[PDB]
């Protein structure tokens, strides 16, 4: 299923209609929709990627001794994300029996719940105090306010990060009298001082985000749109810098407390409501969604993914202006030779860093001409991520009654996910994932070191099998220091043995430069998104993907931006399998 053919060759002066650059989720989805709806024959729609793999930031791996998929990138989806959920599960989403679902893609994909674990057993390790994640709720059940080594404002004492986040967003929303009046029925103060909940929909958030005013009379930010305030600016203002320190650390990496757009951060933090929805993954690896869309595209005659082929530049000044608006110059990495593709539409299905790495002197990127394009490319923050998969001969975490889920710390490692145990071998997988709150610089000095971790034999994992992964091992300095932090996080009551295998991915590396993106304060997001899907009025050049999506951090963001671009400029209707009530904006 994951052996989708990739062509590392070239075809000098190939003449097509639509060049898609990026074999990530948005680029694959674009090519799949175009050929499946028969807008073009598959030989006129071609995908190019510089990688030796399709999928981009989805990359599922199997490590010797562990007969289940680890994730280097994307792990999971939410069933409220209708494009990715329908593509995985079939339709309609109402149908609760998976056997009565109608598949959209042929590839077998087994949806399984994402294990979230037990707050009673999962750890929070902050300023050297070891808590269970439920510690705040247990105190509140006994009429107590849990003390921490953070000096919160007095009115926040005993709040958890979840509860305090909810109270902040509630307070900011309800202080805007227009929001209070129009949406108060969906912004809910429960009975307990700690209980705040939201029933605001995607549609509601789209009405709110551009209008919401910060109404706090002696704040520095008073009477400004929440859109124009950084989320760290806004959190400090509401709960003091000690409050920000608490939320930034206790939130974890899945929680986004960088100084990004506060209007956009609000829905990110409290969800687009329909709370029958849960986190799931794919038994065969989350990258299966990319392989399934790619294979659906590749089953049409003339379909081709050109791998190890890097776009350098593109021009309107070429010999074939009579048949083709654009000449694209690709670098065939295997031969180090340049070749030309001729096309009438270009889809840049790639993030901010990838755009910046293209020739900035051509007609499209030239900053002397297209100052608006360049400003809007710079409208999103490139948030670093690293993934380190570690294989142990046994699940040492079970000694603490931990099955699954995430432990969270202010230590530089930030967070570990206890991924699974192979019931035959007992070999067990931990994910370390980090990058936020300055931890990139801590880890970069260690991951840049030249001396690699050496693989070690375990059950069903021979040196010959493991030596195939020599190249993708973490550094010994990074493994040693992470092991040190895991011992401090879990405490002295559990012995943590050395791992036998690791897998390391740095998503800051070119061409990605980021794990995910975040809208900056002070940009009109509702206007930048349509702009990015077709920057120049007289050019059939489109940007799509997660980076300029309004579901940043998510495959659904990449799919939604591609889908909007398809319906706007490629004359496609909503897919039959996609509910018309799934909101995609203007």
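Numbering follows the first chain given and starts at 1.
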property	result
Greater mean Cα temperature factor according to the PDB record, 513-521 or 55-63	55-63
Stretch with the greater mean C-alpha B-factor as recorded in the entry, comparing 7-15 against 560-568	7-15
Candidate set 496, 385, 408, 290 [ranked by C-alpha B-factor, highest]	496
Residue with maximal Cα B-factor (values as given in the PDB entry) among 352, 316, 149, 132	316
Third assignment of residue 328 from its chain's C-alpha B-factors	middle
Third of the chain, ranked by Cα B-factor, where residue 538 sits	highest
Residue 104 CA temperature factor, ranked by third within the chain	middle
B-factor third for the C-alpha atom of residue 412 within its chain	lowest
Relative C-alpha B-factor of residue 267, binned into the chain's lowest, middle or highest third	middle
